[PDB]
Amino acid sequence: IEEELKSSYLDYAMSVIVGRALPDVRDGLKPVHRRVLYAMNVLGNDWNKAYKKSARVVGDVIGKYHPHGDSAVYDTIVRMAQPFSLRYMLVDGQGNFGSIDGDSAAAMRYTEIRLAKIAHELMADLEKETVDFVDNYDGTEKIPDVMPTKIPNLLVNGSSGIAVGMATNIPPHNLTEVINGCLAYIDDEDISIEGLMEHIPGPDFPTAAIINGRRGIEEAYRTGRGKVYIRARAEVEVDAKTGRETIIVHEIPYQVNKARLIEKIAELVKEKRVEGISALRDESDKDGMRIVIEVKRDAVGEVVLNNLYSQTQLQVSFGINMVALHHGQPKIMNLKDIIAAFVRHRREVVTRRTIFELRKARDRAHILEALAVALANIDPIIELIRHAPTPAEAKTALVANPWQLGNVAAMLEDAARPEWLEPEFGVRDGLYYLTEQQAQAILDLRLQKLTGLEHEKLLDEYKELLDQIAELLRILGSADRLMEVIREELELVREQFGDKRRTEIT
């Protein structure tokens, strides 16, 4: 704490708030988010596996990762489950998770959750040493510092929070559009903000509705700060027999409580502050919003609506203030900063992933050799172990003698060698000198394995492995090929989770 802080105007307490309340730019999560999702991933609470009780996830989170009584654990679960909150839900919830009308979710003992399909994308390759881990509160568990997200989550799901008086307001966005942005950027590090907006014309809210005016959006994407207006989608309908005018509301601005908005209209009508309204009914159901606003016959529909736009939350403004943590500091960022931070994240992730796969590949190949060689010497080895008196003896005995690489010899004829393996081990001039750990591998293998279908199974795996090691080494060899792997991952994501824009921009 003390050492590392000696050059901000920021003191320790100040930096805790920053770290807890502002999202990381690369995955758009704050620790509490990261901790819930991670706890879910550890439980195997997968999108395509049975729902677990929210309480079960709450207790894990609280026990291993977030030992405070704060409702934030459960509230975060609920929020990530609501389709009026996240443009791309990260939790798939079953039961009462509240509504657009502001009513509460059932208690954690009554709801069930699992990870949304897309959430796995956000935590893809978490086991491949792709991100740093930090200690939990008691030194007993590891927690991701950031998620290896294939999803440009901060943009797509947007953000809120405030620390040291510095607020963050990022609106949600359309995943397809954002992925296109990303690919555009990959092909042109110099692409202008204007060039990006060809792909990302503007925010895209889960609650649809309309944005009036692009000046707000441009300056937001250019500077990180800008105001934009969200307007309800509501026409006036006319009855062809009667001539009755009825305003219908299909969509409202993001973050507006539908019930509270209706209360407000009812109340303006009481106070004669808004005239011309015979009747007010919420006819919304499971299949879409429908607020019914019947116009008096002596009043004008167009006029009553316009009146409502100005006096209520049928129209609100939303101030974009794009702040995230970047390399540890809270910066204001423009649209291109945010995309670059993401693409750069993907490059780090993919590289570390590739390195890991390679080490895992080589370690397994190495082990395979020890066994292949063993299968090929069944009789000397078994007679060896059998006449040794102790496993420990069998081990130091195994290692004593190099071994005639038998029929196995062919299979070897050297990029499958562990970076850590010293030069006197391996296949030194016709013989095979064994790692002391490789002896274990042999001593550890079960009678079961001395079968016919062992040799097929192993030569096969080694074959597959070298093949893999080949392709991994070409990724590390070629920056082009590694950017290829990123484009394809992005493309794949566009295609499995991309959806139709919802908010219309005028």
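Counting begins at 1, following the sequence as shown.
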Entries skipping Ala279: at least a third of other ones: yes
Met89 dropped in a third or more of the other entries: no
Gap size, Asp414 back to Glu413 (deposited sequence, no coordinates): 4 to 9
Mean temperature factor over C-alpha atoms, higher-scoring stretch between 237-245 and 99-107: 237-245
Per the entry, higher mean C-alpha B factor between 124-132 and 397-405: 397-405
Residue, from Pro391, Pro253, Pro201, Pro148, that the PDB entry assigns the highest Cα B-factor: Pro391
Which of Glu177, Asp337, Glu424, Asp138 ranks first by CA B-factor in the deposited coordinates: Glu424
Third assignment of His68 from its chain's C-alpha B-factors: middle
Cα B factor band for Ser85 (lowest, middle or highest third within the chain): lowest
Third of the chain, ranked by Cα B-factor, where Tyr229 sits: middle
CA B-factor placement of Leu10, once the chain's modelled residues are sorted into thirds: highest
Cα B factor band for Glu504 (lowest, middle or highest third within the chain): middle
